[PDB]
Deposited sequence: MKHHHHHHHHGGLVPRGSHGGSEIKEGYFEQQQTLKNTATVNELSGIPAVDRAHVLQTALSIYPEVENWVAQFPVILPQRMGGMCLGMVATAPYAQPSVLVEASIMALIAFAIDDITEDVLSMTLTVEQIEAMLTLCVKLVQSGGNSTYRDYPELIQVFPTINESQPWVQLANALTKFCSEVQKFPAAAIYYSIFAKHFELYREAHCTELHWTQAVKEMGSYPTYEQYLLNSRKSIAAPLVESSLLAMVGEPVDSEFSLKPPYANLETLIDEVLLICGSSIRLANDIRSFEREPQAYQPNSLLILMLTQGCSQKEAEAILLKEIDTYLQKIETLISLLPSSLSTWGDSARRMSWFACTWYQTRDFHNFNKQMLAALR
């Protein structure tokens, strides 16, 4: 059920070049994530490969950093949905934001008021390790020239990601107590922001974004540049949320947690196939919209925009295929 638009619009990939570059950055990401073994995925081949496919002519420094952010966001997703209480999850999320807002200048030990809810703070704990990884990453981003203009975007979207996660816990609690759900529209508005891809693309902006003379360079219909950048991140996340939601539901249909497929079945009377078919078209529309939006960027952001476009397309169309699975297998073969 690819659509015409998806068949015709999927961005191209020079697999040789992308594989060569993914192999080249892999040892660097491996040595980084080795420091935080309890919480970061130690298999990251496919992640690197995907990040290069997303930004294929970025500088290696950028590909390493962005791959690291993707692993960190995977781990946050992990430790927030999959041992910990809701209070502890909320605490961890607040902590993450504060560490981000500090730019690397703070550590988890600066926030005892948050970490008092944990039964230990030793350096084996997953959430400690996550905190330290984020400190480290934030300090490294601060060294990128683009960070003096664009870091705030990353920090703001990190706050929205926390907020979206918090709302989702509140909705889940309500499901257990009340059996009731947000509407599809309420759900997507929130949960477009609670996935990794958003975070990663915002961090990418703080690595690659160039100065824009907003005053004189912005064109109608955007009177401020922040809104456009926001929109690209929201629309990136909207397509990916829906695709992830289909995957999650398929793997555990009996799950009760707010999920857009489940919501359409429970709240709008759809069969699973009807539900899936509405999500698939929405996905298509949001892939069309991100193409429109990225076409509107100032030329000094068009390279960032293209990463956000690639990320959404691949996350929705490519990464779940056997084709991608196979390319992954080629990377793993090459790593031995």
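Counting the deposited sequence from 1, the stretches lacking C-alpha coordinates are 1-37, 120-123.
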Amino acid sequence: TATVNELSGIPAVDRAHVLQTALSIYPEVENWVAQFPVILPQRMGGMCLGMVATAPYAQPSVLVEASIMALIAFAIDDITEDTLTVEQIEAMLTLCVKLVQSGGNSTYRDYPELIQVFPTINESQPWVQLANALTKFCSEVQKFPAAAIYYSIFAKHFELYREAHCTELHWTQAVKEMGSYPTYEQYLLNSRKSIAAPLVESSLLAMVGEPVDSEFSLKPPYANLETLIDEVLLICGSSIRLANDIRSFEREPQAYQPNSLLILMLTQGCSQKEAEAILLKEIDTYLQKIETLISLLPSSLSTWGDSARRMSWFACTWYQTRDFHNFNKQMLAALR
From here on, numbers count along this sequence of modelled residues.
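Comparing 321-329 with 17-25, the higher mean C-alpha B-factor in the PDB entry belongs to 321-329.
Relative to its counterpart among 102-110 and 209-217, 209-217 has the higher mean temperature factor, C-alpha atoms as listed in the PDB entry. Among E123, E163, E140, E226, the highest C-alpha B-factor recorded in the PDB entry belongs to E123.
In the deposited coordinates, the residue among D82, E201, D230, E159 with the greatest CA B-factor is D82. The entry lists a Cα temperature factor for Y57 that places it in the highest third of the chain's modelled residues.
In this PDB entry, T183 carries a Cα temperature factor that places it within the middle third of its chain's modelled residues.
Per-chain ranking of the deposited C-alpha B factor places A197 in the highest third. When all modelled residues of the chain are sorted by CA temperature factor, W127 is found within the highest third. Sorting the modelled residues of the chain by their CA temperature factor places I68 in the lowest third.
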